[PDB]
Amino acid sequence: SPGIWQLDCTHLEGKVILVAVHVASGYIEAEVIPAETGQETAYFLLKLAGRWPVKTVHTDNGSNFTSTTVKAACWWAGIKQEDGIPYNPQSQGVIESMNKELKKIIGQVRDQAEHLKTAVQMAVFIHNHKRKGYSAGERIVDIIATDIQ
């Protein structure tokens, strides 16, 4: 539970937004890259696992599941690399609605930012602070601290 994350890749403005969702809390981290490659996905996972205690990552597609560079980064960081098959069918829907909400927020802030990557971080900030009553930022800290004790 506390250590499980899911990768998610969505497109906007001709660029790719790569998202990691902590499944139990709905807390997210994201970045903008020009296209999804194993090398970019690997670097993103190394950033995420230095910041939170990542035990398991459900990868977002078969290419990042197979990628030797992603497997090397998951080895380096002590992550179990898993598939992201929605065995629970409600998963496709939760991810899709999240992508839609993130794009809505990005459009709401987009004119406050010169670069898309700034708008995506503003959307990350709004998503993680929103309450509905705890926010996802509160929930992930509660969950992890409970696990440490």
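Note that residue numbering begins at 1 and tracks the sequence as displayed.
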| item | value |
| --- | --- |
| Mean temperature factor over C-alpha atoms, higher-scoring stretch between 35-43 and 80-88 | 80-88 |
| Comparing 105-113 with 25-33, the one whose average Cα B-factor in the PDB entry is higher | 105-113 |
| Of the residues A136, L12, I126, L18, the one carrying the largest Cα B-factor as recorded | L12 |
| Per the PDB entry, maximal CA B factor within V94, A49, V57, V120 | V94 |
| Third of the chain, ranked by Cα B-factor, where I143 sits | highest |
